[PDB]
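What follows is a single structure, written as structure tokens, with notes after it.
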Amino acid sequence: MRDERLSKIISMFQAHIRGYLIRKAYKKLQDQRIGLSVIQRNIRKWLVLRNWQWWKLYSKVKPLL
Amino acid sequence: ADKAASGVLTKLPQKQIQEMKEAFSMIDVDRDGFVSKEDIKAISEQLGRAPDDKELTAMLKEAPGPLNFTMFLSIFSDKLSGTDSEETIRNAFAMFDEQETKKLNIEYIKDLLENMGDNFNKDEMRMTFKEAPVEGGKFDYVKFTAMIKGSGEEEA
Amino acid sequence: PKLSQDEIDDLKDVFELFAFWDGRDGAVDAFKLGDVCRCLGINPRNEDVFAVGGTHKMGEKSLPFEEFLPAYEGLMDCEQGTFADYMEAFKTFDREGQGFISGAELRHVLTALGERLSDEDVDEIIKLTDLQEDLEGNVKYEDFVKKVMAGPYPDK
Ligand SMILES: [Mg+2]
């Protein structure tokens with residue numbers, strides 16, 4: 001009869017466990033969100049600067065200096 | 001120092017600006033203190049590939065007024081607005097190298113840039129990995145950071 | 001309106017972090033529904049997560065903030081287990097009745113009953129709780145329950 005009772009309980013205890021693991025990982029996730037933003041933004045600046053007419057003119061002139 | 005509306009505090013270095021005046025004077029072919037449409041034409045035609053659609057008009061357009069060394073310095077600074085240093089960029093990458101190997105698997109870093117965050121498009125992806133240091137299936141973020149930062153070890 | 005206005009903004013924050021990681025246009029894969037709610041501090045069973053819109057695999061469905069708020073509200077009122085329940089459950093498998101159990105019998109219950117967990121997941125909670133065996137292969141399960149319930153910043 002009360003076999004499902006015991007079973008529901010085991011189930012809720014496993015749930016607590018899954019909640020534990022997830023909350024543990026949360027802080028690494030917010031730090032990483034800052035990591036990625038720094039990476040995508042800087043590679044993007046690099047790309048734009050490389051396409052710049054004034055930058056191109058600059059490179060092909062630094063040598064002669 | 002002045003405005004072309006972006007820069008707040010141009011603390012980009014003194015060796016870095018000393019070079020630029022040597023560059024500017026070589027570009028100012030007519031010796032009068034201003035870069036003309038004709039100064040660019042002459043100098044660029046010499047070094048090789050030389051723009052002449054009136055994008056030469058587009059180049060001079062970029063500056064709100066006459067082009068002296070000071071407007072020059074100002075427009076370049078606007079371009080460097082929004083950029084971090086090598087230490088900051090290198091530790092950003094390290095946040096993903098749990099085993100402190102000082103490298104990342106190539107499959108991993110490609111997935112990070114294209115399917116997450118402000119994700120890259122195919123043309124951004126292509127231009128980013130054309131130049132990148134990879135061996136044994138391992139991306140070297142230390143070497144890549146010094147590269148895009150222009151570190152002068154050897155680019156002679 | 002039982003949800004206070006700052007609780008609403010606590011939700012807006014967690015939602016955006018996951019929105020950022022889902023390869024973003026300001027939306028969230030319906031599969032990560034359980035994880036988002038777990039970060040707000042609730043412990044729902046998979047069954048309940050399904051009874052509100054969660055999915056079995058990734059890339060099947062997305063959720064705008066407007067559809068997320070009412071699902072969360074629904075899960076707040078589901079049942080959550082107590083210390084007294086958890087001990088009754090374990091005494092069920094105590095041969096002598098001295099509060100011990102073998103690591104063996106422990107693994108076995110976590111991976112074959114209720115909603116089974118993975119050996120890697122069972123490995124990682126046993127690692128994090130720093131739970132320890134005695135010379136005859138045994139463990140006291142009261143200590144285990146308490147450490148799980150205290151959470152990961154088990155602090156004090
Ligand atoms: Mg001149």
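Residue names in the structure tokens use chain letters A, B, ... in the order shown, residue numbers from 1 in each chain, and ligand numbers from 1 in the order shown.
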
- request: Can you tell me which residues come within 6 Å of ligand 1 when counting only C-alpha atoms and all ligand atoms, ideally as JSON, numbers by chain?
  value: {"B": [28, 29, 30, 31, 32, 33, 34, 35, 36, 39]}

Selected residues written out, N, CA, C and O atoms, as a short mmCIF file (atom, residue, chain, number, x, y, z; two decimals), in the first residue's frame:
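The result, written out as result08.cif:
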data_model
loop_
_atom_site.label_atom_id
_atom_site.label_comp_id
_atom_site.auth_asym_id
_atom_site.auth_seq_id
_atom_site.Cartn_x
_atom_site.Cartn_y
_atom_site.Cartn_z
N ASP B 28 52.44 63.18 -45.15
CA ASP B 28 52.23 64.58 -45.53
C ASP B 28 53.27 64.94 -46.56
O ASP B 28 54.25 65.61 -46.26
N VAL B 29 53.05 64.50 -47.80
CA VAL B 29 54.07 64.63 -48.83
C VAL B 29 54.44 66.03 -49.30
O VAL B 29 55.49 66.23 -49.90
N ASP B 30 53.57 67.00 -49.02
CA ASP B 30 53.75 68.36 -49.51
C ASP B 30 54.20 69.33 -48.42
O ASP B 30 54.47 70.50 -48.68
N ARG B 31 54.27 68.83 -47.19
CA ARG B 31 55.18 69.39 -46.20
C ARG B 31 54.56 70.57 -45.45
O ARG B 31 55.27 71.33 -44.79
N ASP B 32 53.24 70.72 -45.57
CA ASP B 32 52.56 71.95 -45.19
C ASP B 32 51.79 71.81 -43.88
O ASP B 32 51.20 72.76 -43.39
N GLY B 33 51.82 70.61 -43.30
CA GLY B 33 51.21 70.37 -42.00
C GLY B 33 49.82 69.77 -42.06
O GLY B 33 49.21 69.50 -41.02
N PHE B 34 49.31 69.57 -43.27
CA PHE B 34 47.99 69.00 -43.46
C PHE B 34 48.06 67.86 -44.47
O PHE B 34 48.76 67.95 -45.47
N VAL B 35 47.33 66.78 -44.20
CA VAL B 35 47.16 65.72 -45.19
C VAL B 35 46.08 66.06 -46.20
O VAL B 35 44.91 66.14 -45.85
N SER B 36 46.47 66.25 -47.45
CA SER B 36 45.51 66.53 -48.52
C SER B 36 45.02 65.26 -49.20
O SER B 36 45.49 64.16 -48.91
N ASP B 39 48.08 64.18 -51.12
CA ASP B 39 49.20 63.62 -50.36
C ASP B 39 48.99 62.11 -50.27
O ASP B 39 49.92 61.32 -50.47
#

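Every protein or nucleic acid residue with an atom no more than 10 Å from residue B:82, counting only C-alpha atoms and leaving out same-chain residues fewer than 3 positions away, appears here: residues 41, 42 and 45 of chain A; 7, 78 and 79 of chain B.
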
- request: For residue B:146, work out the shell of residues within 10 Å, counting only C-alpha atoms and skipping chain neighbours fewer than 4 positions away, then give it as a list in words.
  value: residues 85, 86, 87, 89, 90, 141, 142, 150, 151, 152 and 153 of chain B

Can you write just those residues out, N, CA and C atoms, as a short mmCIF file (atom, residue, chain, number, x, y, z; two decimals), in the first residue's frame?
data_model
loop_
_atom_site.label_atom_id
_atom_site.label_comp_id
_atom_site.auth_asym_id
_atom_site.auth_seq_id
_atom_site.Cartn_x
_atom_site.Cartn_y
_atom_site.Cartn_z
N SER B 85 43.17 44.71 -22.21
CA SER B 85 44.60 44.38 -22.30
C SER B 85 44.86 42.86 -22.49
N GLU B 86 46.12 42.51 -22.70
CA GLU B 86 46.50 41.12 -22.88
C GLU B 86 46.26 40.24 -21.65
N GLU B 87 46.48 40.78 -20.45
CA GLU B 87 46.26 39.99 -19.23
C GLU B 87 44.78 39.67 -19.05
N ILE B 89 42.47 39.63 -21.43
CA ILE B 89 42.01 38.71 -22.49
C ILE B 89 42.49 37.26 -22.26
N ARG B 90 43.76 37.10 -21.91
CA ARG B 90 44.30 35.79 -21.60
C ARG B 90 43.58 35.08 -20.41
N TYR B 141 45.65 29.69 -26.83
CA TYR B 141 45.15 31.03 -26.51
C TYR B 141 46.18 32.03 -26.02
N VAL B 142 47.31 31.56 -25.53
CA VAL B 142 48.33 32.49 -25.10
C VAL B 142 48.91 33.16 -26.34
N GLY B 150 48.98 42.68 -31.01
CA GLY B 150 50.09 43.28 -31.72
C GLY B 150 51.44 43.17 -31.05
N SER B 151 51.57 42.29 -30.05
CA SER B 151 52.84 42.12 -29.35
C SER B 151 53.99 41.93 -30.33
N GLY B 152 55.00 42.79 -30.19
CA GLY B 152 56.14 42.75 -31.07
C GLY B 152 57.28 41.81 -30.75
N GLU B 153 57.03 40.51 -30.88
CA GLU B 153 58.08 39.53 -30.67
C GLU B 153 58.75 39.45 -32.04
#

message: as a ChimeraX atom specification, could you give me every residue of chain A near chain C (at most 8 Å apart, counting only C-alpha atoms)?
response: /A:6-24,26,30,33

Write to file, as a PDB file, in the first residue's frame, the residues of the selection just made, with C-alpha atoms.
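Result file is selection-v7.pdb:
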ATOM      1  CA  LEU A   6       8.476   5.517   0.285  1.00  0.00           C
ATOM      2  CA  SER A   7       9.105   5.854  -3.463  1.00  0.00           C
ATOM      3  CA  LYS A   8       7.919   9.463  -3.681  1.00  0.00           C
ATOM      4  CA  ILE A   9      10.199  10.282  -0.746  1.00  0.00           C
ATOM      5  CA  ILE A  10      13.312   8.713  -2.340  1.00  0.00           C
ATOM      6  CA  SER A  11      12.352  10.748  -5.393  1.00  0.00           C
ATOM      7  CA  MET A  12      12.188  14.088  -3.537  1.00  0.00           C
ATOM      8  CA  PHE A  13      15.562  13.349  -1.893  1.00  0.00           C
ATOM      9  CA  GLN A  14      17.119  12.799  -5.353  1.00  0.00           C
ATOM     10  CA  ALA A  15      15.554  16.149  -6.374  1.00  0.00           C
ATOM     11  CA  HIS A  16      17.314  17.887  -3.462  1.00  0.00           C
ATOM     12  CA  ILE A  17      20.539  16.345  -4.791  1.00  0.00           C
ATOM     13  CA  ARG A  18      20.010  17.748  -8.314  1.00  0.00           C
ATOM     14  CA  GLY A  19      19.252  21.178  -6.830  1.00  0.00           C
ATOM     15  CA  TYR A  20      22.508  20.975  -4.848  1.00  0.00           C
ATOM     16  CA  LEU A  21      24.718  20.256  -7.904  1.00  0.00           C
ATOM     17  CA  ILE A  22      23.098  22.939 -10.072  1.00  0.00           C
ATOM     18  CA  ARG A  23      23.389  25.756  -7.451  1.00  0.00           C
ATOM     19  CA  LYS A  24      27.038  24.765  -6.938  1.00  0.00           C
ATOM     20  CA  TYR A  26      25.918  28.802 -10.865  1.00  0.00           C
ATOM     21  CA  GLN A  30      28.231  34.136 -14.176  1.00  0.00           C
ATOM     22  CA  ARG A  33      29.450  34.988 -19.065  1.00  0.00           C
TER      23      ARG A  33
END

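Near residue B:63, within a cut-off of 9 Å and counting only C-alpha atoms, sit the residues residues 4, 59, 67, 71, 72, 74 and 75 of chain B, with same-chain residues fewer than 4 positions away left out.
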
Go ahead and write the selection's residues with N, CA, C and O atoms as a tab-separated table (two decimals), in the first residue's frame.
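Result went into result39.tsv, see below:
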chain	number	residue	atom	x	y	z
B	4	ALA	N	36.18	63.93	-31.70
B	4	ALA	CA	35.70	63.19	-32.78
B	4	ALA	C	34.68	62.30	-32.03
B	4	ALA	O	34.44	61.15	-32.38
B	59	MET	N	37.80	58.93	-46.92
B	59	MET	CA	38.80	58.92	-45.87
B	59	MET	C	38.88	60.28	-45.18
B	59	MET	O	38.98	60.36	-43.95
B	67	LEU	N	42.67	68.23	-41.55
B	67	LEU	CA	43.49	67.14	-41.04
B	67	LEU	C	44.94	67.43	-40.66
B	67	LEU	O	45.86	67.30	-41.47
B	71	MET	N	44.19	65.93	-35.52
B	71	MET	CA	42.95	65.28	-35.92
B	71	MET	C	43.27	63.80	-36.18
B	71	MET	O	42.45	62.91	-35.94
B	72	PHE	N	44.50	63.57	-36.66
B	72	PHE	CA	45.02	62.25	-36.99
B	72	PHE	C	44.93	61.39	-35.75
B	72	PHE	O	44.20	60.37	-35.72
B	74	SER	N	43.45	61.89	-33.01
B	74	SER	CA	42.09	61.75	-32.54
B	74	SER	C	41.29	60.62	-33.19
B	74	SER	O	40.63	59.87	-32.48
B	75	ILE	N	41.35	60.49	-34.52
B	75	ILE	CA	40.56	59.44	-35.21
B	75	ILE	C	41.04	58.01	-34.97
B	75	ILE	O	40.24	57.08	-35.00

Check: which chain A residues lie within 10 Å of chain B using only C-alpha atoms, as a PyMOL selection string: chain A and resi 28+31-49+52-55+57-65

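Straight-line separation from atom CA of residue B:140 to atom CA of residue B:103: 4.9 Å.
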
query: Near chain B, which residues of chain C fall within 9 Å when you count only C-alpha atoms, and what do they look like as a ChimeraX atom specification?
result: /C:19-25

Those in chain B with strand (DSSP E) from DSSP, as a ChimeraX atom specification: /B:104-105,134-135,138-139

- request: Just the residues within 12 Å of residue C:134, please, counting only C-alpha atoms, with nothing from its chain fewer than 2 positions along; format it as a count of residues only.
  value: 11

field: Those of stretch 17-120 of chain B in DSSP helix (DSSP H, G or I), formatted as an MDAnalysis selection string
entry: chainID B and resid 17:27 37:47 56:61 69:79 86:94 106:115

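Rounded to one decimal, atom CA of residue C:147 and atom CA of residue C:72 lie 26.7 Å from each other.
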
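Between atom CA of residue C:57 and atom CA of residue C:31 the interatomic distance comes to 6.3 Å.
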